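Here is what each chain is made of, one letter per residue.
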Amino acid sequence: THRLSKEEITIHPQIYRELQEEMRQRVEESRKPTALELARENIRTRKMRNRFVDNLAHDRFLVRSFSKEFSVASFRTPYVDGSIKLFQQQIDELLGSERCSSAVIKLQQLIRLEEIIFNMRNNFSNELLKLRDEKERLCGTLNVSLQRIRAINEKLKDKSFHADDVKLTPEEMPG
Amino acid sequence: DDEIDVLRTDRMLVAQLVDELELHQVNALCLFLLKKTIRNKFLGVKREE
Amino acid sequence: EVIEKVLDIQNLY
Amino acid sequence: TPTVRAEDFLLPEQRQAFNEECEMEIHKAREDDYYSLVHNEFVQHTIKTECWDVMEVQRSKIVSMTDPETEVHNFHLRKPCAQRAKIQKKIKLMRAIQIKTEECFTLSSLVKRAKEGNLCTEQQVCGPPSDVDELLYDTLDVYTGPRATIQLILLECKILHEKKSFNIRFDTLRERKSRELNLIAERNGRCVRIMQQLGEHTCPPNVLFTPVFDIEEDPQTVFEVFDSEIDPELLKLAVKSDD
């Protein structure tokens, strides 16, 4: 209740600083073989994503009603930074033609088209997600309530119909 | 490369036709919306009366 | 509106 | 003095604690890096499966010789859920039947066909005609949900025909530039050998024609580890390996 703990009892700060240098040497010795192949693993993984999926703002999960009469898939919103860079590069093409002389606004029109599309389907994705969170809380409440329903059913011996728990399909939870 | 870029143009030429289709999807979707929203609002007016 | 709205999406489709 | 060390200044309990702590650090760092690798491979397999293997027609790509950054791909297709093919065949046969059946109530009686010079801004299809080019509906008879779905799948068959005709001519272009690139590589080797025989060893890269293989043109090349992307210090560590 009054002593120095495990770390406080350590040696004088310069001496201990030498100890942290040696600390570092043995920690990096552990790093050297084992943290190496992690880098090449990351290389492989990230450049697969480069072509495929390295650029998602939002996920194409699925949306189901509780009554499940229909299914809708959400949006795979991409990062439009490279796209808008390409549009401003077309702007720069036109501006370079003008500068060599002695459309652009239409590409800026394309640009804010891109961000208004981005943001409207972004907010659409956000309301999707908020409804999903409402769904999971409602799923918990439904679960416990339907458990009590089955308890009453067997209390009635009414296994003939007992209302049963319902959760989100893995369609809705690809994560 | 001439063939490649002409093919790139033909990609746009085909893709322009693609826009028609999801529009038809939304057409059917809106009619499905219609048929039951009618009854929903109508019964709302019922029990308000 | 029920009747005519049914008819309108019948005609406009 | 250099014969005197921070280790000497330590007491034995501190020595034991520091040694065991750093060795625990060592083993746990090793094992946690190992699992880092492990989930790397697991994520890679998941990526390959869900993206690549789920696709029926795979994401092949063109890059032109003069434009090393511009890319042309054949169109995406998922492996079919069996409803796809079952629908396709059953609907095409019964849709010929639907051509000949002439049953349902028709609203087209009120309207007489006329002409407009341009209508909307122009669109056009490519390649040979589709079947659905002969197999589309009329403009007024489609006013029920199931007929709309049948029109949806008719347009889907249009999608299939356009994607195919595009991608067969795309792959024909693949094969043509393949034989051209093989002969270009052979001629480039011949030119290099001739120039080295003459003594003009400093051949500029602009003389030999561009071997523009974009790695995404054959996308499985983009799977790999490119050890050039490994950090140079990690490369220096990797050099000491014997294999």
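Residues numbered from 1 in each chain as written, not as in the entry; some residues may be left out. Chains lettered and ligands numbered in written order. Part of a larger assembly, values for the part shown. Heavy atoms only, no water.

Determination of this PDB entry was carried out by cryo-EM to a resolution of 3.2 Å, according to the record.

## Details of the overall build of chain B
This is how the line gets drawn: By definition, any uninterrupted DSSP run of H or I lasting at least four residues is a helix, any uninterrupted run of E lasting at least two residues is a strand, and each is numbered from the N terminus. Exposure classes here rest on a 1.4 Å probe applied to the protein chains alone. A residue is buried below 20% of its type maximum, exposed above 50%, and partly exposed in between. Using a 1.4 Å probe, the Shrake-Rupley method yields the accessible areas, and only the shown protein chains count as cover for residues. Here the positive residues are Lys and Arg and the negative ones are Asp and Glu; neither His nor the chain ends is included. Note that the charge is assigned to NZ on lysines, CZ on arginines, CG on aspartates and CD on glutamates.
Of the regular secondary structure elements, chain B holds one helix and zero strands. A principal-axis box enclosing the C-alpha atoms of chain B has dimensions of 70 × 10 × 5 Å. Buried positions account for 14% of the 49 residues belonging to chain B. Surface exposure of chain B reaches about 3700 Å², of which carbon and sulfur atoms provide 62%. For chain B, the centre of its 8 positive side-chain charges and the centre of its 10 negative side-chain charges are spaced 24 Å apart.

## Examining unusual backbone geometry
All names here are of chain D. In this model, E102 sits at a positive phi of 55°, which is unusual for a non-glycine residue. With respect to the helices, strands and loops of the structure, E102 is situated in the loop between α3 (83-101) and α4 (145-198). Positive phi, normally seen in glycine, also occurs at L119, with a value near 55°. Mapped onto the fold, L119 is located in the loop between α3 and α4.

## Here we look at helix α1 (residues 2-48) of chain B
Basically, it comes down to this: Between the first and last residue of a helix there are one fewer steps than residues, each counted as 1.5 Å, and that sum is the expected span. The bend at a residue is defined as the angle formed between two axes, one fitted to the seven residues ending at that residue and one fitted to the seven starting there. Contact definition: two residues touch when any of their heavy atoms are within 4.5 Å.
Between its first and last C-alpha, α1 of chain B extends 69 Å over 47 residues, near the 69 Å set by a 1.5 Å rise per residue. Of all the bends in α1 of chain B, the greatest, near 25°, is centred on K36 of chain B. Looking at α1 of chain B, one finds that the buried residues are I4, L7, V14, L21, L34, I38 and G44 of chain B. The elements touched by buried residues of α1 of chain B are α1 (2-12) of chain C together with β2 (61-63), β3 (71-73) and α4 of chain D.

## Notes on the packing of helix α1 (residues 13-34) of chain A against helix α2 (residues 36-51) of chain A
Residues and elements named next belong to chain A. Worth spelling out the cut-off: Here, axes are lines fitted to C-alpha atoms. For helices the fit covers the stretch in contact, and angles between N-to-C directions go from 0 to 180 degrees. The scheme is simple: roughly parallel for angles under 35 degrees, roughly antiparallel for over 145, roughly perpendicular for 65 to 115, oblique for anything else. Under the grouping applied here, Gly and all other residues not named as nonpolar or charged are polar, the nonpolar ones being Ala, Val, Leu, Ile, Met, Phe, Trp, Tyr, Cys and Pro and the charged ones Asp, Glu, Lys and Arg.
The N-to-C vectors of α1 and α2 enclose an angle of 40°; their axes lie 4 Å apart at closest approach. Classified by the angle their axes make, α1 and α2 are oblique. Between α1, through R31, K32, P33 and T34, and α2, the contact on the second element is made entirely by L36, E37 and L38. When its residues are assigned to classes, the contact of α1 with α2 shows three nonpolar, one polar and three charged.

## Here we look at the packing of aromatic side chains
Residues and elements named next belong to chain D. Operational definition: Geometry of aromatic contacts follows a simple scheme: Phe, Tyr and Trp rings, the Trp one being its six-membered ring, pair when their centres are within 6.5 Å, and the pair is stacked under 30 degrees between planes, edge-to-face over 60, tilted otherwise. In this analysis the charged atom, NZ for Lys or CZ for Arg, is taken to sit over a ring once it is within 6 Å of the ring centre and within 35 degrees of the ring normal.
A full pass over the atoms with the stated rule returns four aromatic pairs over all chains. Taken together through their ring pairs, the aromatic side chains of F75, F166 and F170 make up a single cluster. Between the NZ or CZ atom of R95 and the centre of the ring of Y137, over which it lies, the distance is 5.5 Å. It is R147 that lies over the ring of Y143; its NZ or CZ is 5.2 Å from the centre.

## Quick word on the pattern of salt bridges
Selection criterion: Here a salt bridge means any side-chain nitrogen of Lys or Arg lying within 4 Å of a carboxyl oxygen belonging to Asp or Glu.
Under the counting rule described, the total for this entry stands at 37 salt bridges over all chains. With a shortest N-O distance of 2.6 Å, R51 of chain A and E71 of chain D are connected by a salt bridge. You can see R51 of chain A sitting in helix α2 and its partner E71 of chain D sitting in strand β3, one on each of two chains. By relative accessible area, which is 16% here, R51 of chain A ends up buried. Residue classification places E71 of chain D among the partly exposed residues on the basis of a relative accessible area of 31%. Overlapping salt bridges, with partners in common, bring together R51 of chain A together with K61, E71, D214 and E216 of chain D in one network.

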